[PDB]
Protein chains: 4
Amino acid sequence: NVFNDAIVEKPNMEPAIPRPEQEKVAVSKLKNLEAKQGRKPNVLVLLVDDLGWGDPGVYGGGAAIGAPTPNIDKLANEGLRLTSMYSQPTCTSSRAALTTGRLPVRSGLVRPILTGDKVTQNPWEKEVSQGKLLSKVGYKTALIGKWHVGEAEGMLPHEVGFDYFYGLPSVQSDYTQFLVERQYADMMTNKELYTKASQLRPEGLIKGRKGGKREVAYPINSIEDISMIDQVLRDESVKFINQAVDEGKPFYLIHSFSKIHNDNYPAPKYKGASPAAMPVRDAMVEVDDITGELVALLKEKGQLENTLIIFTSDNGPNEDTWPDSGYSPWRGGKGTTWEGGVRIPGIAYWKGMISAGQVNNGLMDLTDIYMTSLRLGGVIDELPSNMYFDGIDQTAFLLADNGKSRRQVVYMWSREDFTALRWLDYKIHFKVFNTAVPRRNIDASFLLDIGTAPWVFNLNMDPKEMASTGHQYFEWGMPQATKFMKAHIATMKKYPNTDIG
Amino acid sequence: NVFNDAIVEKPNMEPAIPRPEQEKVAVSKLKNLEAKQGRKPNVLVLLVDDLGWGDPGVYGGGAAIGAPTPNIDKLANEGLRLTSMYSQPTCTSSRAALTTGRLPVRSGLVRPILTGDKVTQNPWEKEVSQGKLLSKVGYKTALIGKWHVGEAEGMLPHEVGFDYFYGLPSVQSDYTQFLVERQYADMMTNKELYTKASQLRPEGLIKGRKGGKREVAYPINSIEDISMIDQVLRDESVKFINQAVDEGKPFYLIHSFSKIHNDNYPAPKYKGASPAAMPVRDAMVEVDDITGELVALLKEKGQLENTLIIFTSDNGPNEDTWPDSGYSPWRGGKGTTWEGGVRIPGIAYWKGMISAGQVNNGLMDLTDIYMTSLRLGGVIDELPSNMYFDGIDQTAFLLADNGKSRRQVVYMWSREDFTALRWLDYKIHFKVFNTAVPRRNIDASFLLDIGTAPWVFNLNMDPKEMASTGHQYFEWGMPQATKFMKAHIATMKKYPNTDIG
Amino acid sequence: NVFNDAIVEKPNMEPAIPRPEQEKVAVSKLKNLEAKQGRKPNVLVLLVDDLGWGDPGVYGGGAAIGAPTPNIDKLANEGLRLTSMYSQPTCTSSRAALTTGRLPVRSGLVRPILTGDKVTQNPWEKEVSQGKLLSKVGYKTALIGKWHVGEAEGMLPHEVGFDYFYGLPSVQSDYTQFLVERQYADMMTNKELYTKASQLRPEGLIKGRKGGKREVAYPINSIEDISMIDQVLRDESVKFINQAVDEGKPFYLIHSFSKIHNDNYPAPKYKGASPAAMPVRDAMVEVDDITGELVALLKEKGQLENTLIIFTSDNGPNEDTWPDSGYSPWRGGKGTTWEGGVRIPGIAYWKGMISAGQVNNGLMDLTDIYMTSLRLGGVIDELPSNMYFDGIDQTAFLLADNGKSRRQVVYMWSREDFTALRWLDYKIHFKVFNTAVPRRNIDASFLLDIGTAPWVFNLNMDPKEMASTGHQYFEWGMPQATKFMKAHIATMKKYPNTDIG
Amino acid sequence: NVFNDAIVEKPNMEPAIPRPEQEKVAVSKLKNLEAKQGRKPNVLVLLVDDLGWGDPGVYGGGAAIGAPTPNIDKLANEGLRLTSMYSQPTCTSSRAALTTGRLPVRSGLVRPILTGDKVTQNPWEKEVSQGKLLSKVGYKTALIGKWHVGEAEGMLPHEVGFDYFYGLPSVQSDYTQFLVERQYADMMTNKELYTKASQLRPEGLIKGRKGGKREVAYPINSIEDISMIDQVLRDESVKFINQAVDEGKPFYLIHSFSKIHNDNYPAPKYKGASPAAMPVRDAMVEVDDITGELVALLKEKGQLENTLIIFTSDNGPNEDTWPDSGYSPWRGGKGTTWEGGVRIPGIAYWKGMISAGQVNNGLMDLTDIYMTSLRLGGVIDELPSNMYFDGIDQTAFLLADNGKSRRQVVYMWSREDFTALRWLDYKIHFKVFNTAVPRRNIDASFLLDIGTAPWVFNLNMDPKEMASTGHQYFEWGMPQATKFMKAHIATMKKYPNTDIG
Ligand SMILES: [Ca+2]
Ligand SMILES: [Ca+2]
Ligand SMILES: [Ca+2]
Ligand SMILES: [Ca+2]
Ligand SMILES: [Cl-]
Ligand SMILES: [Cl-]
Ligand SMILES: [Cl-]
Ligand SMILES: [Cl-]
Ligand SMILES: [Cl-]
Ligand SMILES: [Cl-]
Ligand SMILES: [Cl-]
Ligand SMILES: [Cl-]
């Protein structure tokens with residue numbers, strides 16, 4: 001009551017903090033841009049896989065860990081670097097959030113659905129992607145790269161709203177487990193066992209158009225083939241941007257790198273390209289080079305001033321596959337709701353629109369990228385009213401100089417378990433991941449109920465979440481955090497979550 | 001059943017062990033006293049906040065920890081010292097039990113209900129305090145000091161039965177978080193955050209009479225003000241006792257010290273008064289002096305022979321706020337069902353009724369003080385029959401020389417979680433608190449399910465609960481411990497617990 | 001499904017993997033044996049209590065831990081040694097599975113029912129023991145030694161199907177706790193407590209015949225008496241084998257040693273007989289000698305060629321009672337679903353039927369001994385169709401040279417909690433036991449929920465379960481492990497488990 | 001300079017804090033006593049083995065752990081209770097300190113020297129016991145009970161200065177390891193191994209007069225014999241006190257209980273005499289009764305007012321032998337320099353000399369008992385000048401009302417390793433004992449070097465030494481703590497320590 005600064009706009013939309021003065025600056029910047037450009041703006045989402053908060057140089061990594069990222073760094077120094085961007089703790093949960101504007105517990109997309117899985121419902125028949133909505137108002141929409149949000153009938157991007165799909169229906173490790181003989185020898189060198197397991201082996205990169213069928217476009221059956229995966233994806237993103245711009249149409253492209261998911265096999269060009277001379281760091285060099293190649297293309301096509309570029313990650317680093325892992329200064333990693341698992345890099349670049357040199361610690365969510373995309377295209381009013389949407393339009397936050405965020409709380413779920421939330425700079429845990437083996441967040445952990453008080457970390461003072469102080473310094477704020485929790489869960493009674501059985 | 005010595009008297013009352021010979025002695029002592037005194041006895045309950053089992057010198061602390069307690073020692077040495085007195089693990093839960101005869105899971109009083117809380121019904125309408133029942137038979141009843149059992153409309157002591165209330169609706173820490181700027185700087189020196197949080201800042205000590213309005217009798221706006229808090233409470237209890245004795249009516253007074261809850265600020269007189277010269281120890285010297293002043297007042301009024309004095313705590317030491325913490329020799333502390341959290345000091349003094357120099361290890365509960373009080377006033381038959389009462393009348397235990405307890409089992413709850421029980425000298429845990437940071441029982445703990453066998457500690461042999469032996473030496477008793485658990489839970493099916501929503 | 005090699009025979013029977021060629025060998029071997037022998041075969045089950053996987057010399061113990069086991073080694077080296085035999089984590093549960101062919105969560109026999117518990121219905125009215133079915137087709141069936149699956153009315157072996165019973169209704173520790181004064185002094189030297197606890201003291205060894213009353217055959221009132229317990233049981237098993245062979249009837253005998261359950265008191269002639277010179281190691285030598293005596297009796301009576309001998313254990317070592325404990329190389333022990341508690345020794349010997357010198361790592365369960373017995377006697381078709389049976393006939397697996405197992409999965413329950421399963425050589429934990437005090441698997445453990453991924457151990461590579469790799473090397477098999485788990489739980493939706501209340 | 005309040009009197013003597021006014025009171029009390037009594041005072045040292053700080057009732061034990069100690073409580077309540085009394089971590093070391101006035105690293109008496117251990121020189125030829133010095137000025141000196149400071153030639157009390165010795169040359173567990181067959185079966189039931197070990201079996205209690213031979217006065221060949229051990233010792237102290245009073249000579253008697261060292265076998269009449277009904281608690285009752293018997297003897301002979309009674313322990317509880325162990329609230333136990341091992345109970349009773357009801361937290365040491373004894377007998381001026389003496393005369397501390405101690409610092413050694421010191425209420429660790437298994441302070445511990453700062457505990461605020469704060473609050477005092485350490489080590493270069501080889 002005395003703390004809640006959010007206002008309910010539509011009952012099925014996450015309440016947002018009004019920023020009227022920032023909204024006026026945003027509306028004005030977009031009006032003048034479209035006058036000069038003659039059409040709606042493009043959006044380029046560069047989505048790296050399992051990238052940690054600290055991997056880019058501007059976040060305290062780069063040359064400090066043997067993989068300088070000059071292009072990503074330049075994108076940040078000449079734009080807006082978000083230090084409190086949040087994702088979900090796992091691949092599918094985050095990519096679902098980014099393409100539905102909904103916490104995955106609502107949609108049922110907490111785990112990838114396989115081609116032979118028994119489901120009572122295809123969740124995508126009910127969910128609405130930004131490709132669907134933006135397509136209807138003139139955008140050419142595409143997801144190029146990793147999907148991992150369902151590969152059964154009617155679940156690929158070009159089947160759920162996007163005009164064009166090209167990439168991996170599952171994930172890198174699904175391919176490499178049938179390629180690195182020694183690493184997976186218990187299955188690879190066991191003939192009887194390999195005969196069974198290889199029947200569910202992925203074929204390669206899939207290509208698909210809205211209204212058409214799926215096609216194998218780049219088969220993968222060796223390490224040499226898979227080492228070119230991100231080069232091939234880069235080739236398709238270039239062709240997609242060339243085609244959309246040459247046709248004078250606004251485009252919306254999610255470029256979903258395969259890297260740096262394990263097992264990383266960078267292109268031969270990049271073997272030893274990083275000072276560290278390790279596959280995952282070489283892969284980071286390849287990601288930084290492809291990022292620069294796409295920025296250069298837009299600059300050469302004269303569309304850089306009309307393109308919002310978002311560089312982010314889908315979750316924290318996968319320490320379980322060390323040394324094939326990224327780096328994050330925070331506690332934990334992929335598979336936990338510690339900050340290591342969910343606090344991720346987030347860079348917003350828009351030449352002429354977003355002032356250079358900004359570092360902003362305002363709260364932001366992957367679902368906010370979804371909802372900002374919808375507002376940029378002018379289609380927020382097209383969302384269904386019987387579904388609850390967790391995303392918040394952050395246009396006023398991104399386009400204002402040192403603007404304040406419109407999001408008040410970040411809610412954190414481990415699939416169907418609600419575990420923690422962040423309000424202001426305070427991190428409140430109601431369920432805690434406890435790891436038995438160092439680095440083994442996913443594979444050797446417990447999810448434990450807290451005791452008398454939820455764990456509380458002031459992230460400004462204890463960002464690495466080393467020791468909880470609970471109620472000691474937070475008696476004034478604890479009941480409000482509980483109110484945020486209960487209200488959040490209440491929205492899931494008012495709007496039932498999907499059970500896909 | 002070869003073990004159960006308890007007998008069902010009224011179906012809605014915790015079964016008690018008959019002590020018929022001790023009861024004859026108690027009936028005779030009470031009869032002769034009322035014939036000589038001319039009216040029912042007074043009861044004075046001295047309730048110290050967050051005092052550990054070993055804080056008083058007579059329990060093994062005092063001078064050993066740099067804070068002598070001579071007056072409290074004299075109460076024990078000239079009366080009865082209980083070494084197996086039990087409370088609830090936290091403030092609100094223990095204070096509800098003391099004023100309702102009921103484990104707080106039955107009443108819903110596991111958390112303090114603040115103003116503006118959503119509740120189906122005010123739990124206190126249904127509950128029956130000893131103030132209500134004793135006031136009905138001519139007692140002047142008062143609670144002076146800390147309440148912390150609800151501050152919304154109709155929840156202060158003068159609105160739930162007591163004739164007079166004077167003290168803190170909430171708790172010391174609620175006041176001090178708005179006074180110690182540096183300790184709470186993230187809120188106090190943040191202008192916008194302070195403006196919001198300070199709107200729920202308590203104004204001071206609240207004064208209230210049955211049938212009247214709440215008044216702010218003593219404002220608290222500085223450390224200087226709050227440093228006198230326990231001197232002001234002492235003054236009010238002196239006025240109350242004087243007024244009741246001058247009217248010739250029996251008094252029932254719960255003097256609920258604010259000390260030694262954090263943040264401790266003793267009166268200026270007591271700065272450096274303890275050899276330790278630390279706030280929490282200086283506060284212990286202040287509590288001991290006030291105890292002696294109240295005893296000396298009763299002596300000067302000629303009411304010591306007709307006054308039962310009970311000195312006790314509401315829970316174990318708050319180790320989380322170290323070094324502003326009491327001391328206990330047992331494991332854990334406040335916020336856990338380790339012995340450190342629930343095994344608390346307990347002294348019964350009654351000049352001419354309770355023989356001096358008794359140390360008794362018989363089981364006793366805070367709810368037993370409630371039920372003992374009701375019997376001394378002759379009002380047990382007034383308890384509603386639709387509610388289960390956990391308290392047991394212990395008058396035959398307190399008034400018998402080296403008497404045996406009427407309580408067979410102590411049941412331990414963490415709010416809505418049943419975690420452990422004690423039977424004879426055996427502590428059986430069905431859920432265990434596990435602490436991740438030293439001293440951080442409340443703020444950095446888990447509540448974990450046990451494995452194949454409940455944990456068992458022979459408290460005579462392992463009082464510090466260092467390592468469980470489970471079934472190894474307790475096969476004969478383990479099935480009975482489970483029978484006690486099952487029956488205890490079954491009473492909550494036959495007598496439903498309150499859901500306040 | 002590409003992984004599932006099992007086939008549904010009957011809908012209420014655990015699916016098995018067909019082994020047609022092994023089955024032909026089994027059918028032919030049995031037909032020729034019965035031609036020369038003139039009657040169905042005998043089955044002698046030697047069941048040692050709390051014996052670890054590695055206690056026998058052939059399993060890496062014996063002389064290595066100061067207790068040679070030559071006779072048991074002879075059964076293994078002249079027969080078939082199973083290195084992946086599994087039990088339940090505790091006594092009652094395992095013996096229920098051995099005598100009902102059903103995981104104890106289905107029957108309700110997760111705990112011993114005491115003569116004085118009052119249960120909705122006696123589970124043995126519904127459960128079908130191999131004694132009932134085999135006696136119906138001409139077998140003389142007996143259980144001699146430890147029972148521990150209920151001692152209330154109609155729960156002893158001679159009341160639930162077996163023709164003859166002689167042994168302990170409960171367990172060794174139930175007797176020795178009233179005999180070893182010092183070890184149990186808190187109860188033994190406390191007059192009041194002993195008077196109550198000893199009312200439930202077992203009188204001695206109970207004898208019973210189908211259709212007859214219970215009798216106290218061997219009173220136990222001293223260490224002297226109970227030190228001969230396994231010598232008495234040996235004498236009874238000798239009488240029973242002699243009389244079945246003299247009468248020309250096939251016999252089914254479960255010899256259930258009291259050893260090596262605590263507190264071990266071997267016969268005087270074995271004091272110091274082991275090099276280690278400790279009670280539990282002396283008890284091991286006594287067990288080995290008794291094994292050799294029964295085998296010699298078969299050879300003397302000319303029945304060794306027509307007798308399948310199964311040497312196995314009921315659960316892993318009880319480390320909590322150290323140093324009165326067996327040995328196992330695996331993690332944990334009795335009371336946990338770690339391999340230490342469930343992976344147990346398993347030796348099958350059948351002179352002339354099972355080729356000597358075999359070591360086989362195929363999966364096998366105690367319920368498979370039940371189901372294999374029923375097929376050897378030819379009565380599998382007599383099982384009720386409204387009850388699910390987890391046992392699998394392993395006759396083709398035991399009578400084939402280096403044959404493959406018919407069991408695809410072992411399912412592991414901690415009473416009512418499903419915790420893990422084994423498929424192929426992979427151990428997958430869904431709930432993990434965590435021990436807070438070394439050796440204290442039963443008495444100081446937690447049962448914790450896993451985090452993002454189930455814990456996975458390749459037992460060939462990590463047989464001691466030292467650090468889980470989870471999904472890292474098992475992405476191809478993890479969905480199939482989930483399919484097994486969910487299908488297993490589904491069988492208990494279709495066939496309800498017994499709620500004994 | 002700024003902090004040191006001690007003064008150097010003789011260069012080979014530990015400096016002491018002058019207490020001139022307390023010394024004036026002490027000289028007057030002793031003068032008036034000797035006028036009325038007619039001779040020098042008696043001293044009775046009651047020394048319990050492995051007794052914890054909290055075991056007596058007045059220290060927070062007794063009835064709270066099921067073993068009341070009324071006679072020991074009465075000594076404290078009617079005398080002076082010391083809450084900061086310190087010993088050494090082990091038996092031999094502490095008993096050396098008590099009978100030499102010197103930290104045992106100086107004398108070489110850190111381990112008991114066994115018959116024929118081949119030493120460079122018997123260390124007792126250099127040390128000067130109070131028996132020797134007091135005997136020269138007319139005292140009858142005796143040690144009755146446990147010795148444990150050397151069994152070789154010339155090492156028993158009657159050979160190193162005491163007039164009379166009667167008791168155990170070694171320790172209780174030296175006898176019982178040859179009496180409890182099952183507990184020590186690896187040796188007892190191994191014929192060849194028992195034959196070897198039993199050649200060093202102690203034959204029983206040894207008796208000796210100054211200038212006479214050793215004699216076997218009570219043979220111990222069974223549990224029956226040893227169960228009376230402390231009754232036999234009580235008889236001898238009675239005979240000794242009677243003989244001294246009838247001869248009119250002042251007596252100095254160290255009554256060294258065998259209890260409560262493992263394995264505890266109390267007299268038959270005490271079996272179950274404690275409420276806990278456990279051997280170690282029954283033994284506590286026997287010790288309390290014998291204490292009361294000796295006090296009543298002195299009163300009956302008319303010497304109570306001329307007898308200083310010291311009740312204390314030689315070290316903390318032996319948790320390794322749990323449940324045959326005492327109790328202490330502090331961390332650790334016997335075998336460590338945690339407070340649990342060295343902070344011991346200490347009571348001083350002197351009817352008419354020491355005012356009743358005192359509790360004093362001043363620093364006190366076992367070596368101070370030695371030096372105080374020498375003062376009372378008037379023989380301090382007879383100490384050699386080539387040995388450094390650590391003991392300090394505390395007569396002014398024990399005979400003053402709430403007097404301050406003459407000891408500034410307590411230095412703590414683990415045999416030859418300097419580990420910690422206490423100054424004021426601050427405990428400073430330079431080496432730390434880390435315990436790998438709960439309770440196993442002696443048997444499963446490491447001795448670790450600290451890191452950048454010595455560990456510091458304010459014992460008033462953290463008496464259980466839960467978490468060190470080091471320099472954080474002690475920068476003003478840490479350089480002084482280091483000065484104390486270095487000066488202490490310097491005394492050992494000026495006065496070299498003994499190398500026994
Ligand atoms: Ca990912
Ligand atoms: Ca409290
Ligand atoms: Ca067993
Ligand atoms: Ca000792
Ligand atoms: Cl604004
Ligand atoms: Cl290349
Ligand atoms: Cl009675
Ligand atoms: Cl003041
Ligand atoms: Cl086959
Ligand atoms: Cl024998
Ligand atoms: Cl002085
Ligand atoms: Cl006796």
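Proteins get letters first, then strands, A, B, ... in listed order; numbering begins at 1 in each. These numbers come from the heavy atoms of this one structure, side chains and all, not from hydrogens, waters or symmetry mates. Each ligand, and each atom within it, is numbered from 1 in the order the structure gives.
- Partner of C/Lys259 under the salt bridge (charged side-chain N to carboxylate O under 4.0 Å, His left out) criterion, out of C/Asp50, C/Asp230, C/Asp55: C/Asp230 alone.
- The CG atom of D/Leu233 sits 5.5 Å away from atom NE2 of D/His255, with the distance rounded to the nearest 0.5 Å.
- For D/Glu293, the side chain to side chain contact (heavy atoms under 4.5 Å, CB included) criterion is met by D/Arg234, D/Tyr270, D/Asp289, D/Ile290, not counting sequence neighbours.
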Where do C/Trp338 and C/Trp330 land on the ring-ring contact (aromatic ring centres under 6.0 Å, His included) test, with the steps shown first? CA-CA 8 Å; C/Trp338 294 118; C/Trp330 317 134; over 10 Å; no
I would like to know whether B/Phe474 and B/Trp476 meet ring-ring contact (aromatic ring centres under 6.0 Å, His included); could you show each step before the answer? CA-CA 5 Å; B/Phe474 202 54; B/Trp476 55 263; 4.9 Å; yes
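- C/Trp147 and C/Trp124 have their aromatic ring centers within a separation under 6.0 angstrom.
- Inspection of the environment of the Ca ion (ligand 3) yields the following protein N, O or S atoms under 3.0 Å: C/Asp49 OD1, C/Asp50 OD1, C/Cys91 SG, C/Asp314 OD1, C/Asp314 OD2, C/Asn315 OD1.
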